[PDB]
Amino acid sequence: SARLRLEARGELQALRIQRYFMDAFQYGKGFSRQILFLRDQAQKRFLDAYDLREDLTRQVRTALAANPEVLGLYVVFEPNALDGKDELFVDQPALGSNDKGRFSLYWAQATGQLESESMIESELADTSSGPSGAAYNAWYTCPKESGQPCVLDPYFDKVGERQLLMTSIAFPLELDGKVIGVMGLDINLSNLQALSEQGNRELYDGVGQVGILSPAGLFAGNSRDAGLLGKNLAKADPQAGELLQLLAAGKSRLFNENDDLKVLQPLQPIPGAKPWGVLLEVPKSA
């Protein structure tokens, strides 16, 4: 019953990752609320859409710098749903406004140097397939179609002049029931790779390995290979479908394999999510 010790250690490493994502979901849940405070204060205070947009753009920047762990913060309202005056803001990026005057804002922190941008209608409608079978624009469309917050399998997006793999916690901005816009947080999958590593060393002094798996089976962290980021389980463990099927079922399993044991620890990143998972592999020696 030394299985139960690794079985236990596994639950400890999964809760480490669940805490990390939950801190972020809590942060964005507050802001998403805060956004809706500001927007309602302008309606009751009878304020200018220009004053609103300039603060909501300032507000977003300020919050991203507060969480050094978030790569970017984005707020996208539905056409004419923040101030009823998108036509008054066409092609004004410094106010979170785009090619059609829509509040589509993104601040990003690739360094503590922050850069912003307005996301044109073509980007918001990009349904390109990612490494998972998911739309590129799922950081906006998942929240809108559901009414609920969404964690996203790993995907590639351009924060500046580099292609970076990341995940996103996407939140709906509801008002009297309807989704009226979407806010979200983006996490560099290098920060989840680092959590892999960090946790592994709390795992028999890192003689083994710990990887994080997306519900699509992509690696969101591998303590042993960082080149396995954005790759299916099948690039490293075809011997996979059994694991990717059990994880979907929120089922744990210890496997007796060669000179090392192994455990899949299913985890719910954010409330209401499809199971994510930590894959342990400690040499049978330790």
# chains A, B, ... in the order shown; residues from 1 in each chain; ligands from 1
>>> residues_around(residues="range 5-20 of chain A", least_positions_apart="5", cutoff="7 Å", atoms="only C-alpha atoms", output="PyMOL selection string")
chain A and resi 199+263+265+267-269+278+280
>>> write_last_selection(atoms="N, CA, C and O atoms", output="mmCIF file, in the first residue's frame")
data_model
loop_
_atom_site.group_PDB
_atom_site.id
_atom_site.type_symbol
_atom_site.label_atom_id
_atom_site.label_comp_id
_atom_site.auth_asym_id
_atom_site.auth_seq_id
_atom_site.Cartn_x
_atom_site.Cartn_y
_atom_site.Cartn_z
ATOM 1 N N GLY A 199 6.445 21.799 -8.770
ATOM 2 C CA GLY A 199 5.707 20.736 -8.093
ATOM 3 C C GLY A 199 6.450 19.448 -8.154
ATOM 4 O O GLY A 199 6.425 18.738 -7.218
ATOM 5 N N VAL A 263 0.620 7.906 -12.335
ATOM 6 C CA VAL A 263 -0.753 8.242 -11.856
ATOM 7 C C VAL A 263 -1.344 9.406 -12.646
ATOM 8 O O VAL A 263 -0.637 10.364 -12.867
ATOM 9 N N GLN A 265 -3.971 12.246 -12.288
ATOM 10 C CA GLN A 265 -4.790 12.920 -11.270
ATOM 11 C C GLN A 265 -5.680 13.940 -11.974
ATOM 12 O O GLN A 265 -5.198 15.000 -12.361
ATOM 13 N N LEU A 267 -8.311 16.909 -12.444
ATOM 14 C CA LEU A 267 -8.503 18.163 -11.681
ATOM 15 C C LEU A 267 -9.472 19.074 -12.421
ATOM 16 O O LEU A 267 -9.530 19.001 -13.628
ATOM 17 N N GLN A 268 -10.236 19.867 -11.695
ATOM 18 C CA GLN A 268 -11.096 20.880 -12.348
ATOM 19 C C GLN A 268 -10.407 22.219 -12.176
ATOM 20 O O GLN A 268 -10.421 22.766 -11.084
ATOM 21 N N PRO A 269 -9.832 22.749 -13.265
ATOM 22 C CA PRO A 269 -9.140 24.012 -13.227
ATOM 23 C C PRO A 269 -10.023 25.123 -12.654
ATOM 24 O O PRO A 269 -9.629 25.760 -11.729
ATOM 25 N N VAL A 278 -2.984 15.895 -14.072
ATOM 26 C CA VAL A 278 -1.530 15.840 -13.793
ATOM 27 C C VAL A 278 -1.123 14.378 -14.015
ATOM 28 O O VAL A 278 -1.861 13.501 -13.572
ATOM 29 N N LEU A 280 1.771 11.798 -13.239
ATOM 30 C CA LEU A 280 2.961 11.520 -12.405
ATOM 31 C C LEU A 280 3.726 10.330 -12.943
ATOM 32 O O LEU A 280 3.086 9.424 -13.447
#
>>> residues_around(residues="range 219-235 of chain A", least_positions_apart="6", cutoff="9 Å", atoms="only C-alpha atoms", output="MDAnalysis selection string")
chainID A and resid 131:132 153:156 165:167 189:200 206 208:213 241 243:244 278:279
>>> write_last_selection(atoms="N, CA and C atoms", output="tab-separated table (two decimals), in the first residue's frame")
chain	number	residue	atom	x	y	z
A	131	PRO	N	-4.11	23.77	-31.82
A	131	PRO	CA	-3.53	22.45	-31.57
A	131	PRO	C	-4.57	21.43	-31.08
A	132	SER	N	-5.55	21.90	-30.34
A	132	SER	CA	-6.79	21.16	-30.01
A	132	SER	C	-7.74	21.35	-31.19
A	153	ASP	N	-8.24	25.00	-23.70
A	153	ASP	CA	-7.09	24.11	-23.95
A	153	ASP	C	-5.99	24.98	-24.50
A	154	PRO	N	-4.75	24.51	-24.49
A	154	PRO	CA	-3.69	25.35	-24.95
A	154	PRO	C	-3.78	25.80	-26.43
A	155	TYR	N	-3.54	27.09	-26.68
A	155	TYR	CA	-3.58	27.68	-28.04
A	155	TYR	C	-2.50	28.74	-28.22
A	156	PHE	N	-2.19	29.05	-29.48
A	156	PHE	CA	-1.13	30.03	-29.84
A	156	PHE	C	-1.76	31.38	-30.19
A	165	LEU	N	2.39	30.11	-26.77
A	165	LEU	CA	1.30	29.20	-26.40
A	165	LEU	C	0.82	29.64	-25.03
A	166	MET	N	-0.49	29.58	-24.85
A	166	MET	CA	-1.14	30.06	-23.62
A	166	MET	C	-2.49	29.41	-23.39
A	167	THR	N	-3.04	29.60	-22.20
A	167	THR	CA	-4.43	29.20	-21.89
A	167	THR	C	-5.14	30.50	-21.57
A	189	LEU	N	1.76	29.51	-21.22
A	189	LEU	CA	1.85	28.08	-20.88
A	189	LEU	C	3.29	27.81	-20.46
A	190	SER	N	4.08	28.86	-20.27
A	190	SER	CA	5.46	28.71	-19.75
A	190	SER	C	5.38	28.86	-18.24
A	191	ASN	N	4.32	29.47	-17.75
A	191	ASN	CA	4.09	29.66	-16.30
A	191	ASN	C	3.46	28.39	-15.76
A	192	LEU	N	2.83	27.62	-16.63
A	192	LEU	CA	2.23	26.34	-16.22
A	192	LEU	C	3.28	25.26	-16.42
A	193	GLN	N	4.27	25.53	-17.27
A	193	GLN	CA	5.41	24.61	-17.42
A	193	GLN	C	6.23	24.77	-16.16
A	194	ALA	N	6.34	26.00	-15.68
A	194	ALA	CA	7.15	26.21	-14.49
A	194	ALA	C	6.51	25.60	-13.24
A	195	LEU	N	5.20	25.67	-13.15
A	195	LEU	CA	4.47	25.02	-12.07
A	195	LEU	C	4.74	23.50	-12.15
A	196	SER	N	4.74	22.86	-13.33
A	196	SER	CA	5.11	21.46	-13.51
A	196	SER	C	6.41	21.20	-12.79
A	197	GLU	N	7.45	21.90	-13.23
A	197	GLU	CA	8.76	21.78	-12.64
A	197	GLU	C	8.69	21.99	-11.13
A	198	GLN	N	8.18	23.11	-10.66
A	198	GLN	CA	8.15	23.45	-9.22
A	198	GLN	C	7.59	22.32	-8.36
A	199	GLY	N	6.45	21.80	-8.77
A	199	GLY	CA	5.71	20.74	-8.09
A	199	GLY	C	6.45	19.45	-8.15
A	200	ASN	N	7.06	19.14	-9.27
A	200	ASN	CA	7.82	17.90	-9.35
A	200	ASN	C	8.89	17.83	-8.28
A	206	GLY	N	12.13	15.50	-7.19
A	206	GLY	CA	12.19	15.58	-8.64
A	206	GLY	C	12.99	14.50	-9.33
A	208	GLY	N	11.43	11.94	-10.26
A	208	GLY	CA	10.41	11.56	-11.23
A	208	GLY	C	10.06	12.67	-12.19
A	209	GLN	N	8.80	12.67	-12.66
A	209	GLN	CA	8.34	13.73	-13.56
A	209	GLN	C	6.85	13.99	-13.34
A	210	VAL	N	6.46	15.22	-13.66
A	210	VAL	CA	5.09	15.70	-13.54
A	210	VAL	C	4.76	16.51	-14.78
A	211	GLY	N	3.66	16.15	-15.45
A	211	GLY	CA	3.17	16.92	-16.58
A	211	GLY	C	1.70	17.27	-16.41
A	212	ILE	N	1.32	18.43	-16.94
A	212	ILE	CA	-0.11	18.86	-16.92
A	212	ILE	C	-0.72	18.59	-18.29
A	213	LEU	N	-1.91	17.97	-18.31
A	213	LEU	CA	-2.57	17.62	-19.59
A	213	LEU	C	-3.91	18.35	-19.75
A	241	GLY	N	-4.85	7.15	-25.33
A	241	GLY	CA	-6.30	7.14	-25.52
A	241	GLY	C	-6.91	6.61	-24.26
A	243	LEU	N	-5.67	7.04	-21.27
A	243	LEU	CA	-5.57	8.16	-20.29
A	243	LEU	C	-6.52	9.31	-20.61
A	244	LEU	N	-6.61	9.71	-21.88
A	244	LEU	CA	-7.41	10.85	-22.38
A	244	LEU	C	-8.90	10.54	-22.26
A	278	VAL	N	-2.98	15.89	-14.07
A	278	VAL	CA	-1.53	15.84	-13.79
A	278	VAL	C	-1.12	14.38	-14.01
A	279	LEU	N	-0.06	14.14	-14.78
A	279	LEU	CA	0.45	12.77	-15.03
A	279	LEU	C	1.78	12.56	-14.32
>>> select_by_dssp(residues="range 71-255 of chain A", states="helix (DSSP H, G or I)", output="number ranges by chain")
A: 93-95, 121-124, 138-146, 191-200, 226-228, 233-235, 241-248
>>> closest_residue(among="A:66, A:173, A:236, A:75", to="residue 24 in chain A", atoms="only C-alpha atoms")
A:66
>>> closest_residue(among="A:67, A:141, A:258, A:98", to="residue 187 in chain A", atoms="only C-alpha atoms")
A:67
>>> atom_distance(atom1="CA of residue 169 in chain A", atom2="CA of residue 25 in chain A")
6.5 Å
>>> residues_around(residues="range 50-61 of chain A", least_positions_apart="2", cutoff="6 Å", atoms="only C-alpha atoms", output="number ranges by chain")
A: 48, 63-64, 95, 107
>>> decode(residues="range 81-186 of chain A", atoms="C-alpha atoms", output="tab-separated table (two decimals), in the first residue's frame")
chain	number	residue	atom	x	y	z
A	81	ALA	CA	-23.35	47.45	-25.67
A	82	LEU	CA	-21.04	49.49	-23.40
A	83	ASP	CA	-22.13	53.06	-24.24
A	84	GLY	CA	-24.41	52.82	-27.33
A	85	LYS	CA	-21.87	54.92	-29.24
A	86	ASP	CA	-19.44	52.62	-31.15
A	87	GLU	CA	-19.89	54.79	-34.31
A	88	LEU	CA	-18.40	57.64	-32.34
A	89	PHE	CA	-15.20	55.65	-31.75
A	90	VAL	CA	-14.28	53.90	-35.04
A	91	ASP	CA	-10.50	53.46	-35.54
A	92	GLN	CA	-9.59	54.83	-32.08
A	93	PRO	CA	-7.36	52.07	-30.64
A	94	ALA	CA	-6.06	54.03	-27.58
A	95	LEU	CA	-9.69	53.96	-26.27
A	96	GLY	CA	-10.18	50.16	-26.68
A	97	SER	CA	-12.13	50.89	-29.86
A	98	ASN	CA	-11.63	49.19	-33.28
A	99	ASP	CA	-12.37	49.21	-37.02
A	100	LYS	CA	-16.11	49.38	-36.30
A	101	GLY	CA	-15.91	51.31	-32.99
A	102	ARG	CA	-16.27	48.25	-30.78
A	103	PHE	CA	-14.74	47.94	-27.29
A	104	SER	CA	-12.24	45.13	-28.13
A	105	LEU	CA	-9.21	45.80	-25.87
A	106	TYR	CA	-6.14	43.78	-25.05
A	107	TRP	CA	-3.33	44.77	-22.71
A	108	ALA	CA	-0.33	42.43	-22.54
A	109	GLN	CA	2.69	41.98	-20.17
A	110	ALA	CA	5.38	39.90	-21.93
A	111	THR	CA	8.13	41.35	-19.72
A	112	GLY	CA	6.80	44.84	-16.49
A	113	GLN	CA	6.45	46.64	-19.86
A	114	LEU	CA	2.77	46.81	-20.90
A	115	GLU	CA	1.36	47.22	-24.43
A	116	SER	CA	-2.25	47.54	-25.61
A	117	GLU	CA	-4.20	46.99	-28.80
A	118	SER	CA	-7.68	46.99	-30.27
A	119	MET	CA	-8.74	43.80	-31.97
A	120	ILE	CA	-10.36	44.31	-35.34
A	121	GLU	CA	-13.46	42.48	-36.46
A	122	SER	CA	-11.48	40.00	-38.56
A	123	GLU	CA	-9.57	38.76	-35.47
A	124	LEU	CA	-12.73	38.38	-33.40
A	125	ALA	CA	-14.17	36.24	-36.22
A	126	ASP	CA	-11.09	34.05	-36.76
A	127	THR	CA	-12.30	30.43	-36.29
A	128	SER	CA	-8.92	28.82	-37.20
A	129	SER	CA	-8.38	25.38	-35.59
A	130	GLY	CA	-5.66	25.34	-32.90
A	131	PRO	CA	-3.53	22.45	-31.57
A	132	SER	CA	-6.79	21.16	-30.01
A	133	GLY	CA	-9.81	21.11	-32.39
A	134	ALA	CA	-10.85	24.54	-30.91
A	135	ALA	CA	-11.51	27.84	-32.65
A	136	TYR	CA	-8.85	30.48	-32.40
A	137	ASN	CA	-11.59	32.92	-31.23
A	138	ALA	CA	-12.78	30.68	-28.36
A	139	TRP	CA	-11.48	33.15	-25.77
A	140	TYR	CA	-14.53	35.17	-26.71
A	141	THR	CA	-17.02	32.75	-28.21
A	142	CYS	CA	-17.04	30.07	-25.43
A	143	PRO	CA	-18.07	32.56	-22.72
A	144	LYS	CA	-20.70	34.19	-25.06
A	145	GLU	CA	-22.36	30.97	-26.18
A	146	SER	CA	-22.49	29.46	-22.60
A	147	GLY	CA	-23.32	32.18	-20.07
A	148	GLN	CA	-20.49	30.74	-18.06
A	149	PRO	CA	-16.73	31.15	-17.49
A	150	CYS	CA	-14.40	28.98	-19.63
A	151	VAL	CA	-10.86	27.51	-19.31
A	152	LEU	CA	-9.38	26.89	-22.75
A	153	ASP	CA	-7.09	24.11	-23.95
A	154	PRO	CA	-3.69	25.35	-24.95
A	155	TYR	CA	-3.58	27.68	-28.04
A	156	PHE	CA	-1.13	30.03	-29.84
A	157	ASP	CA	-1.68	33.83	-29.99
A	158	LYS	CA	0.60	36.80	-30.77
A	159	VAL	CA	1.51	38.92	-27.76
A	160	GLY	CA	3.65	41.46	-29.63
A	161	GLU	CA	5.99	39.94	-32.20
A	162	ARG	CA	6.23	36.36	-31.08
A	163	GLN	CA	3.98	33.29	-31.28
A	164	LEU	CA	3.32	32.17	-27.67
A	165	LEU	CA	1.30	29.20	-26.40
A	166	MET	CA	-1.14	30.06	-23.62
A	167	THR	CA	-4.43	29.20	-21.89
A	168	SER	CA	-7.23	31.63	-21.18
A	169	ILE	CA	-9.81	32.06	-18.39
A	170	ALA	CA	-12.74	33.76	-20.19
A	171	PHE	CA	-15.60	35.38	-18.37
A	172	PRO	CA	-19.01	36.50	-19.49
A	173	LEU	CA	-20.18	40.08	-18.80
A	174	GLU	CA	-23.86	39.51	-18.05
A	175	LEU	CA	-26.44	42.23	-17.60
A	176	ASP	CA	-30.04	41.29	-16.76
A	177	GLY	CA	-29.36	37.80	-18.13
A	178	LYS	CA	-27.81	38.56	-21.53
A	179	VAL	CA	-24.13	38.27	-22.26
A	180	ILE	CA	-23.19	41.79	-23.35
A	181	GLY	CA	-19.43	41.29	-23.70
A	182	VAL	CA	-16.57	39.10	-22.57
A	183	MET	CA	-13.46	39.64	-20.40
A	184	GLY	CA	-10.61	37.25	-20.02
A	185	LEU	CA	-7.17	36.42	-18.69
A	186	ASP	CA	-4.37	34.77	-20.67
